[PDB]
Amino acid sequence: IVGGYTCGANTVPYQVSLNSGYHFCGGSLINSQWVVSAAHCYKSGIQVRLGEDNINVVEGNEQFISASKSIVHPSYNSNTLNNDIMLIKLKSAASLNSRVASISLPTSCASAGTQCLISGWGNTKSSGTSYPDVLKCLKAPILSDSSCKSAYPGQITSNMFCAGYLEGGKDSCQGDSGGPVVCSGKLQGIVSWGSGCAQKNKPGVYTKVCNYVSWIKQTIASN
Ligand SMILES: CCOC(=O)c1ccc(O)cc1
Ligand SMILES: *C(=O)CCCCCNC(=N)N
Ligand SMILES: [Ca+2]
């Protein structure tokens, strides 16, 4: 996250870190046994780390749980990033508490101008590379469809939305991928792609979770 702020320990209790011997992507806990992330974050050997703040120090409240299944959307396209969504089943159920909690799926889509919270352990620099120990947060609005298409002509499908700031300096970044965009207590987005980080006129692009509620429910119900 570039131009954000320190969230504070466990203030984003649905935020998870996906770890393969290092932090590689974020994700969102949606019930005690299932996590939502980006399809482009797929690999084998995923360990889900819940209740994290400092991802480099054991502080208390952490639960490390191996993924038993990682389910990429069958229509995920690795070149366009259309359908950039993946479900991860945990080998065992997380124990839920004030510091490890699920986030509700949306009942309807959010409108342009809705303020959201984006969080993650990604790069905090627009220029060069700096990775934080602790979780970073950013408040950001969802942009209009016309602004989003103007920013990324021919690249925005109906399964994507833009959020952030056209002036530059505030954005999600590498390492934030797969993490949550939460608007009034609902998971509306997943960190997906963008052109550089925090560049003028190049906002972040996010998977539109409201288009996938039925698929999520059906996939969970059958696994
Ligand atoms: C047409 C989809 O947009 C891209 O070409 C694109 C894909 C991945 C990425 O990181 C940036 C742009
Ligand atoms: C995931 O970490 C791949 C990097 C894309 C993150 C989103 N980029 C952006 N908001 N400019
Ligand atoms: Ca820790």
Side-chain angles (χ1 to χ4, degrees), residues 1 4-72 84-106 116-124 131-138 172-182 185-192 207 209 212-213 216-217 219-223:
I1 305 288
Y5 59 97
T6 293
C7 304
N10 309 300
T11 58
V12 192
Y14 50 86
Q15 169 88 53
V16 313
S17 172
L18 305 188
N19 179 288
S20 58
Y22 60 101
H23 169 92
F24 71 86
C25 272
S28 305
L29 184 65
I30 62 165
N31 63 48
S32 67
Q33 215 163 359
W34 286 93
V35 160
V36 166
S37 183
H40 86 258
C41 292
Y42 174 88
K43 53 164 86 161
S44 43
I46 295 175
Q47 181 186 65
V48 179
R49 302 185 164 196
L50 307 102
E52 283 286 19
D53 188 48
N54 186 327
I55 52 168
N56 300 309
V57 175
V58 180
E59 296 178 286
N61 311 311
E62 293 97 351
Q63 296 173 54
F64 297 175
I65 306 172
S66 296
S68 58
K69 301 206 181 100
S70 296
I71 304 174
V72 171
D84 194 9
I85 186 171
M86 171 176 73
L87 286 156
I88 301 164
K89 193 181 183 178
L90 303 183
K91 188 175 180 190
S92 53
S95 59
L96 305 179
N97 57 57
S98 59
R99 296 169 185 95
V100 175
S102 64
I103 184 74
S104 168
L105 301 169
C116 306
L117 186 70
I118 310 181
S119 50
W121 291 274
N123 185 28
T124 61
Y131 292 93
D133 291 318
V134 297
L135 189 61
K136 301 293 187 177
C137 276
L138 170 71
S172 56
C173 199
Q174 256 288 142
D176 293 326
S177 274
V181 181
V182 172
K186 313 292 183 186
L187 181 66
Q188 292 288 0
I190 303 163
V191 181
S192 181
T207 303
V209 175
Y212 300 96
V213 173
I216 287 160
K217 285 185 172 187
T219 303
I220 289 169
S222 57
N223 286 278

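Along the sequence shown, residues are numbered consecutively beginning with 1. These numbers come from the heavy atoms of this one structure, side chains and all, not from hydrogens, waters or symmetry mates.
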Peer 1: Of all heavy-atom pairs between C116 and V181, which one has the smallest distance, and what is that distance?
Peer 2: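 Reported closest heavy-atom pair: CB-CG1, 3.6 Å.
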Peer 1: If the condition is side-chain contact (heavy atoms from CB on, under 4.5 Å), which residues does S32 pass it with, not counting sequence neighbours?
Peer 2: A93, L96
Peer 1: Just do the side chain to side chain contact (heavy atoms under 4.5 Å, CB included) check on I118 and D176 with the steps written out, would you?
Peer 2: CA-CA 9 Å; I118 310 181; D176 293 326; 5.9 Å; no
Peer 1: Once you round to the nearest 0.5 Å, how far does CG of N223 lie from CD1 of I71?
Peer 2: 4.0 Å
Peer 1: Evaluate the side-chain proximity of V48 to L18: yes if any heavy-atom separation is below 4.5 Å, no if none is.
Peer 2: yes
Peer 1: To the nearest 0.5 Å, how far apart are CG in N10 and CG in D53?
Peer 2: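 One gets 6.0 Å once the value is rounded to the nearest 0.5 Å.
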Peer 1: Sequence neighbours left out, what passes ring-ring contact (aromatic ring centres under 6.0 Å, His included) with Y212? Give chain and number order.
Peer 2: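 Listed in chain order: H73.
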Peer 1: Show the nearest heavy-atom pair for residues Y131 and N123, with the distance to one decimal.
Peer 2: CE2-N, 3.4 Å
Peer 1: What's the separation between atom CD1 in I55 and atom CG in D133, rounded to the nearest 0.5 Å?
Peer 2: 7.5 Å
Peer 1: So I190 and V209, do their side chains get closer than 4.5 Å, heavy atoms only?
Peer 2: yes
Peer 1: Can you measure from CE (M86) to OG (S37) and round to the nearest 0.5 angstrom?
Peer 2: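 That separation rounds to 4.0 Å.
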Peer 1: Is the number of heavy atoms from other residues, nucleotides or ligands within 6.0 Å of NZ (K91) greater than 12?
Peer 2: no
Peer 1: Please enumerate all residues that pass side-chain contact (heavy atoms from CB on, under 4.5 Å) together with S20, with sequence neighbours excluded.
Peer 2: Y22, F24, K43
Peer 1: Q47: which residues meet the side chain to side chain donor-acceptor pair (under 3.5 Å) condition with it, sequence neighbours left out?
Peer 2: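 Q47: side chain to side chain donor-acceptor pair (under 3.5 Å) contacts with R49.
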Peer 1: Hey, is the main chain of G60 close enough, under 3.5 Å, to the side chain of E62 for a donor-acceptor pair?
Peer 2: yes
Peer 1: Which disulfide bond (SG atoms under 2.5 Å apart) pairs, counting each pair once, include a residue from residues 15-58, with sequence neighbours left out?
Peer 2: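 Every pair satisfying disulfide bond (SG atoms under 2.5 Å apart) with a residue in residues 15-58: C25-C41.
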Peer 1: For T6, what residues pass the side-chain contact (heavy atoms from CB on, under 4.5 Å) criterion, not counting sequence neighbours?
Peer 2: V134, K136
Peer 1: Quick check for you: to the nearest 0.5 Å, what is the distance between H23 atom NE2 and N56 atom CG?
Peer 2: 10.0 Å
Peer 1: Can you tell if the side chain of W121 reaches within under 4.5 Å of the side chain of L135, non-hydrogen atoms only?
Peer 2: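 A side-chain contact exists here, since the closest heavy-atom pair is under 4.5 Å.
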Peer 1: For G21 and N19, work out which heavy atoms get closest and say how close.
Peer 2: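 Taking every non-hydrogen atom into account, N-OD1, 2.9 Å.
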Peer 1: Could you pull out all residues at least two apart from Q63 that satisfy side chain to side chain donor-acceptor pair (under 3.5 Å)?
Peer 2: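 Partners of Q63 by the side chain to side chain donor-acceptor pair (under 3.5 Å) criterion, ordered by chain and then number, come out as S95.
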Peer 1: To check you understand the geometry: which heavy-atom pair defines the closest contact between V100 and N61, and what is its length?
Peer 2: CG2-O, 4.1 Å
Peer 1: Between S102 and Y14, what is the shortest heavy-atom contact and its length?
Peer 2: C-CB, 4.2 Å
Peer 1: Once side-chain contact (heavy atoms from CB on, under 4.5 Å) is applied, do any residues pair with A67, and if so which ones, sequence neighbours excluded?
Peer 2: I46, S70, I88
Peer 1: With sequence neighbours excluded, what pairs up with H40 under the side chain to side chain donor-acceptor pair (under 3.5 Å) test?
Peer 2: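 Result, side chain to side chain donor-acceptor pair (under 3.5 Å) vs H40: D84, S177.
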Peer 1: Rounded to the nearest 0.5 Å, how far does OG1 of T11 lie from CG of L117?
Peer 2: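 If we round to the nearest 0.5 Å, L117:CG and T11:OG1 are 8.0 Å apart.
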Peer 1: Tell me, please, which residues at least two apart from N54 pass side chain to side chain donor-acceptor pair (under 3.5 Å).
Peer 2: none
Peer 1: Side chains of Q15 and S119: do they bring a donor and an acceptor to under 3.5 Å?
Peer 2: yes
Peer 1: Apply the test side chain to side chain contact (heavy atoms under 4.5 Å, CB included) to residues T124 and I1: give CA-CA distance (whole Å), side-chain angles for both, the deciding distance (0.1 Å), then the verdict.
Peer 2: CA-CA 5 Å; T124 61; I1 305 288; 5.6 Å; no
Peer 1: Considering non-hydrogen atoms only, spot the tightest contact between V12 and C137 and give its length.
Peer 2: CG2-SG, 3.7 Å
